[PDB]
Every structure is written in C-alpha cells, then in structure tokens.
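**Student:** The structure under discussion is supplied below as structure tokens; questions concerning it will follow.
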Amino acid sequence: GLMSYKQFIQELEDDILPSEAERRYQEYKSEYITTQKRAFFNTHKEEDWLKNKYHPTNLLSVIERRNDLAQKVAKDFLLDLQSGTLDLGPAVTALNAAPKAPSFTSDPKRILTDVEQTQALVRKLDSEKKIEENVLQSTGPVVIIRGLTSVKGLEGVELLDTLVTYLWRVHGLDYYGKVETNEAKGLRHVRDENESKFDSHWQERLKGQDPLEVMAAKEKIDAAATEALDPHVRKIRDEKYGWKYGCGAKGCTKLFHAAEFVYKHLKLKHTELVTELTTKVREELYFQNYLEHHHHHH
Ligand SMILES: [Zn+2]
C-alpha cells in the first residue's frame with residue numbers, strides 16, 4: 001500500500017530536512033508505483049485474460065470472435081425488427097431500472113441530432129465489423145421496415161431508440177453512456193459542459209478507428225516485423241530484369257522479383273527464424289498496452 005506522506009517521514013526524523021524529505025518521498029512514490037505495475041504485470045503476463053486485453057497476437061483473434069458474434073447478433077436483431085418481435089428495452093440481450101444520461105438529453109432538438117450521429121455510428125461500426133446489409137444504415141432520416149406481416153416506418157424517437165438499442169446489443173456501444181467495451185454487460189444509459197463533449201466524444205469516434213483495433217496495432221507490428229527481416233533479404237541486380245531479391249536464410253537459395261515476396265516467404269518457410277526476430281516488439285507492445293490502458297489501484 002502507498003504510504004501517506006506522514007508515514008514515510010518517520011524512519012528518517014533523526015537529522016531532519018524538510019525539502020530533502022519531499023525529494024525522497026516523491027522518488028519513493030515514483031519508484032513504488034512503477035514497481036507495483038511491473039509486479040502485477042509479471043504475476044499475470046502469462047494468463048489469457050490479460051493477453052486477450054493487451055497482447056497484439058491475441059487481440060487479432062479477440063477481434064475475429066467479436067466480429068463473428070456481432071454478425072450473428074445483427075442477423076437476429078434484424079429478424080425481430082422485421083417481425084415486430086423486437087424489444088427496445090435497455091438490456092444487452094432482452095427477453096433472454098437503468099442508469100440515466102445527463103439531463104441535457106430531455107431536449108427534443110437533441111433527438112434530431114442524436115438520430116444522425118447514431119445512424120452515423122451504426123454505419124461506421126457495421127463497416128468495421130463487416131456487417132454488410134442493414135436497413136438501419138429536406139428531412140430527417142426515414143427507415144422503412146418491410147416485414148413478414150406488415151410495414152413499419154421509423155422516424156424520430158422510435159428510430160432513435162431502435163438505433164441506440166442496436167448499437168448496444170450488437171456493438172456494445174452505450175450511446176448515452178459515452179462508452180464502448182468489447183463484451184458489454186447489463187443496462188445501457190437511457191434518457192454547455194456535457195453537450196459539447198458528448199458530441200466530441202462520438203464525433204472523434206466517427207473520425208478515428210476501432211479502439212480494439214488501435215490496441216492491436218497490426219499495421220505498426222507488420223511494419224516492425226518487416227524491418228527486422230531486412231538483414232535477411234539480399235538485394236541483387238539482374239542483367240536484364242532490374243532488381244531481384246534473394247532470401248538470406250541458410251541452406252536457402254530461392255529468388256524473388258519483389259521484396260514483399262521474400263518477407264512472405266520467410267514467415268512460411270522459416271517460421272522460427274521469424275518468431276525469434278520479432279518477439280521483442282510484440283512483447284514490448286504487450287507491456288506498453290497494459291501500462292497505458294489498465295486501471296491500477298494505488
Ligand atoms: Zn528461404
């Protein structure tokens with residue numbers, strides 16, 4: 001446990017110095033916390049719970065399970081919409097009292113704004129997750145549901161509630177709660193300072209990328225993995241055909257016409273030479289994600 005200032009002083013009070021004390025306690029604080037965080041990492045670094053949160057390799061398949069689940073859940077969500085069998089309750093999986101939003105949400109003009117943003121988010125996250133067909137994605141937006149038995153038009157609050165629910169059930173995005181988690185649970189939030197940030201939050205979300213995908217940083221990792229392989233790709237001029245690129249592993253004599261071709265070849269015919277050349281970046285990023293994104297109690 002982190003010593004309060006009061007307690008730290010005591011094993012020094014022999015020849016006291018007020019400002020040497022503050023220097024040392026600050027140092028103590030700094031060193032304690034860095035060390036606790038490493039300790040915790042080293043206790044759990046091996047467990048899958050932690051790896052599924054911060055490790056770039058695991059993340060990739062966390063994303064693939066997420067997407068598959070979502071596609072199937074959207075299929076189902078839309079079926080109940082189509083049959084008028086759908087519930088707009090605040091549960092994550094309903095038929096299977098809630099936290100309230102900052103009351104700037106009472107506003108009926110808010111509704112017109114929320115419908116666009118909401119439909120914008122559904123479009124974004126559907127693309128991210130490869131959900132391809134969705135009816136839910138001058139005037140405000142109108143959606144017509146050609147059902148089994150009969151049609152339903154959706155326009156204002158009803159369209160809004162359908163969309164908000166969709167976001168929560170399929171994408172674990174709690175619109176009114178300004179939060180999205182990978183395996184959301186429980187009840188989503190129902191209906192100046194707050195209002196400018198609310199839009200900002202969701203607007204930058206519309207601009208950026210999937211949080212999980214950002215964690216996973218696959219681009220960054222492929223880049224770093226390719227760089228590590230450079231020493232093992234011989235560049236050679238051909239007498240006629242420009243540059244040919246030769247594989248620099250041992251026992252091996254294969255020749256390729258582009259550099260990407262050698263990289264691809266290396267992680268298929270020299271798996272372990274690659275694994276050995278690329279472990280550090282993966283595991284350093286693992287460590288870095290944990291440090292940045294994990295709530296530590298101190
Ligand atoms: Zn080779």
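Residue numbers start at 1 in each chain; chains themselves are named A, B, ... in the order of the structure tokens; ligands are numbered from 1 in the order shown.
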Using only C-alpha atoms and all ligand atoms, find each residue with an atom at most 6 Å away from ligand 1 and format the answer as a ChimeraX atom specification.

**Tutor:** /A:247,249,252,254,266

**Student:** Please produce a file of those selected residues containing N, CA, C and O atoms, as a PDB file, in the first residue's frame.

**Tutor:**
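Output file part08.pdb follows:
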```pdb
ATOM      1  N   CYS A 247      16.610 -14.659 -50.833  1.00  0.00           N
ATOM      2  CA  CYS A 247      16.390 -14.972 -49.428  1.00  0.00           C
ATOM      3  C   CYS A 247      17.690 -15.259 -48.709  1.00  0.00           C
ATOM      4  O   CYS A 247      18.463 -16.091 -49.163  1.00  0.00           O
ATOM      5  N   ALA A 249      18.260 -16.491 -45.512  1.00  0.00           N
ATOM      6  CA  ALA A 249      18.332 -17.558 -44.523  1.00  0.00           C
ATOM      7  C   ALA A 249      19.344 -18.571 -45.041  1.00  0.00           C
ATOM      8  O   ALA A 249      19.783 -18.481 -46.206  1.00  0.00           O
ATOM      9  N   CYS A 252      19.278 -21.884 -47.946  1.00  0.00           N
ATOM     10  CA  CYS A 252      18.273 -21.392 -48.883  1.00  0.00           C
ATOM     11  C   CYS A 252      18.806 -20.513 -50.027  1.00  0.00           C
ATOM     12  O   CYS A 252      19.635 -19.624 -49.814  1.00  0.00           O
ATOM     13  N   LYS A 254      16.464 -19.503 -52.816  1.00  0.00           N
ATOM     14  CA  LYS A 254      15.322 -19.026 -53.614  1.00  0.00           C
ATOM     15  C   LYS A 254      15.420 -17.540 -53.980  1.00  0.00           C
ATOM     16  O   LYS A 254      15.941 -16.737 -53.203  1.00  0.00           O
ATOM     17  N   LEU A 266       9.679 -15.894 -45.978  1.00  0.00           N
ATOM     18  CA  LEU A 266      10.338 -16.077 -44.687  1.00  0.00           C
ATOM     19  C   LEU A 266       9.388 -16.534 -43.581  1.00  0.00           C
ATOM     20  O   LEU A 266       9.695 -17.492 -42.870  1.00  0.00           O
TER      21      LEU A 266
END
```

**Student:** As an NGL selection string, please: the residues near residue A:151 (cut-off 9 Å, only C-alpha atoms, same-chain neighbours under 6 positions excluded).

**Tutor:** :A and (82 or 144-145)

**Student:** Can you check which residues of stretch 34-91 of chain A DSSP gives as helix (DSSP H, G or I) on the backbone and send them as a ChimeraX atom specification?

**Tutor:** /A:34-44,48-54,56-82

**Student:** Export, as a PDB file, in the first residue's frame, the selected residues with C-alpha atoms.

**Tutor:**
```pdb
ATOM      1  CA  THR A  34       6.467   1.778 -11.370  1.00  0.00           C
ATOM      2  CA  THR A  35       7.408  -1.323  -9.382  1.00  0.00           C
ATOM      3  CA  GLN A  36       3.870  -2.327  -8.356  1.00  0.00           C
ATOM      4  CA  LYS A  37       2.808  -2.064 -12.002  1.00  0.00           C
ATOM      5  CA  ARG A  38       5.638  -4.280 -13.153  1.00  0.00           C
ATOM      6  CA  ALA A  39       4.971  -6.770 -10.362  1.00  0.00           C
ATOM      7  CA  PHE A  40       1.311  -7.036 -11.346  1.00  0.00           C
ATOM      8  CA  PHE A  41       2.256  -7.486 -14.978  1.00  0.00           C
ATOM      9  CA  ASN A  42       4.698 -10.263 -14.082  1.00  0.00           C
ATOM     10  CA  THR A  43       2.113 -12.103 -11.952  1.00  0.00           C
ATOM     11  CA  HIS A  44      -0.404 -12.245 -14.799  1.00  0.00           C
ATOM     12  CA  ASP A  48      -5.089 -15.438 -21.199  1.00  0.00           C
ATOM     13  CA  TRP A  49      -7.380 -12.926 -19.511  1.00  0.00           C
ATOM     14  CA  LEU A  50      -4.590 -10.336 -19.606  1.00  0.00           C
ATOM     15  CA  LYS A  51      -3.262 -11.451 -23.039  1.00  0.00           C
ATOM     16  CA  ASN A  52      -6.744 -11.032 -24.558  1.00  0.00           C
ATOM     17  CA  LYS A  53      -6.769  -7.438 -23.385  1.00  0.00           C
ATOM     18  CA  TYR A  54      -3.334  -6.201 -24.330  1.00  0.00           C
ATOM     19  CA  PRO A  56      -1.324  -7.853 -30.216  1.00  0.00           C
ATOM     20  CA  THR A  57      -1.476 -11.531 -31.250  1.00  0.00           C
ATOM     21  CA  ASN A  58      -4.398 -12.420 -29.012  1.00  0.00           C
ATOM     22  CA  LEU A  59      -6.177  -9.174 -29.872  1.00  0.00           C
ATOM     23  CA  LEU A  60      -6.386 -10.178 -33.546  1.00  0.00           C
ATOM     24  CA  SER A  61      -8.438 -13.240 -32.643  1.00  0.00           C
ATOM     25  CA  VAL A  62     -10.390 -11.375 -29.969  1.00  0.00           C
ATOM     26  CA  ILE A  63     -11.436  -9.099 -32.827  1.00  0.00           C
ATOM     27  CA  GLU A  64     -12.322 -12.079 -35.024  1.00  0.00           C
ATOM     28  CA  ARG A  65     -14.546 -13.653 -32.367  1.00  0.00           C
ATOM     29  CA  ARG A  66     -16.118 -10.270 -31.718  1.00  0.00           C
ATOM     30  CA  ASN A  67     -16.939  -9.748 -35.378  1.00  0.00           C
ATOM     31  CA  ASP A  68     -18.457 -13.229 -35.800  1.00  0.00           C
ATOM     32  CA  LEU A  69     -20.626 -12.873 -32.721  1.00  0.00           C
ATOM     33  CA  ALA A  70     -21.783  -9.437 -33.871  1.00  0.00           C
ATOM     34  CA  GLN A  71     -22.715 -10.548 -37.379  1.00  0.00           C
ATOM     35  CA  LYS A  72     -24.855 -13.346 -35.953  1.00  0.00           C
ATOM     36  CA  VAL A  73     -26.397 -10.995 -33.346  1.00  0.00           C
ATOM     37  CA  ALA A  74     -27.258  -8.427 -36.041  1.00  0.00           C
ATOM     38  CA  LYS A  75     -28.869 -11.133 -38.182  1.00  0.00           C
ATOM     39  CA  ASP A  76     -31.089 -11.960 -35.182  1.00  0.00           C
ATOM     40  CA  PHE A  77     -31.724  -8.343 -34.162  1.00  0.00           C
ATOM     41  CA  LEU A  78     -32.921  -7.513 -37.646  1.00  0.00           C
ATOM     42  CA  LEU A  79     -35.169 -10.592 -37.802  1.00  0.00           C
ATOM     43  CA  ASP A  80     -37.106  -9.478 -34.704  1.00  0.00           C
ATOM     44  CA  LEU A  81     -37.330  -5.987 -36.101  1.00  0.00           C
ATOM     45  CA  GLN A  82     -38.731  -7.466 -39.319  1.00  0.00           C
TER      46      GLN A  82
END
```

**Student:** Find the spatial neighbours of stretch 219-227 of chain A, counting only C-alpha atoms, within a cut-off of 12 Å - ignore same-chain residues fewer than 5 positions away - and output them as an MDAnalysis selection string.

**Tutor:** chainID A and resid 55:57 60 213:214 232:233 259:267 273:286

**Student:** Skip residue A:25 itself and residues of its chain fewer than 5 positions away, then list as an mmCIF file with N, CA, C and O atoms, in the first residue's frame all residues within 9 Å of it, counting only C-alpha atoms.

**Tutor:**
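Written out: out-v1.cif:
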```
data_model
loop_
_atom_site.group_PDB
_atom_site.id
_atom_site.type_symbol
_atom_site.label_atom_id
_atom_site.label_comp_id
_atom_site.auth_asym_id
_atom_site.auth_seq_id
_atom_site.Cartn_x
_atom_site.Cartn_y
_atom_site.Cartn_z
ATOM 1 N N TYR A 5 2.284 10.646 3.019
ATOM 2 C CA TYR A 5 3.460 11.426 3.359
ATOM 3 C C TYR A 5 3.834 11.168 4.806
ATOM 4 O O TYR A 5 4.985 10.869 5.093
ATOM 5 N N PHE A 8 5.972 7.917 5.725
ATOM 6 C CA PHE A 8 7.292 7.855 5.097
ATOM 7 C C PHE A 8 8.377 8.614 5.877
ATOM 8 O O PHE A 8 9.507 8.138 5.992
ATOM 9 N N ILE A 9 8.023 9.785 6.407
ATOM 10 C CA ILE A 9 8.965 10.672 7.096
ATOM 11 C C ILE A 9 9.643 9.992 8.286
ATOM 12 O O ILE A 9 10.803 10.275 8.602
ATOM 13 N N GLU A 20 14.688 17.862 1.551
ATOM 14 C CA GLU A 20 15.256 16.560 1.191
ATOM 15 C C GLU A 20 14.180 15.503 1.351
ATOM 16 O O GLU A 20 14.129 14.556 0.569
ATOM 17 N N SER A 30 7.270 7.654 -6.936
ATOM 18 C CA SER A 30 7.586 7.317 -8.316
ATOM 19 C C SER A 30 8.046 5.859 -8.456
ATOM 20 O O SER A 30 7.540 5.121 -9.301
#
```

**Student:** I'd like to know which of A:194, A:200, A:150, A:288 is closest to residue A:217, using only C-alpha atoms.

**Tutor:**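 The closest residue to residue A:217 is A:288.
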
**Student:** At what distance in Å, to one decimal, does atom CA of residue A:289 lie from atom CA of residue A:216?

**Tutor:**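 Atom CA of residue A:216 sits 9.0 Å away from atom CA of residue A:289.
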
**Student:** One decimal, in Å: what's the spacing between atom CA of residue A:190 and atom CA of residue A:205?

**Tutor:**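 Those two atoms sit 20.2 Å apart.
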
**Student:** So what do you get for atom CA of residue A:106 versus atom CA of residue A:197, distance-wise?

**Tutor:**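 These atoms are spaced 16.9 Å apart.
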
**Student:** Write out as JSON, numbers by chain which residues come within 12 Å of residue A:201 when counting only C-alpha atoms, dropping same-chain ones fewer than 5 positions away.

**Tutor:** {"A": [117, 121, 175, 176, 177, 178, 179, 180, 194, 195, 196, 206, 207, 208]}
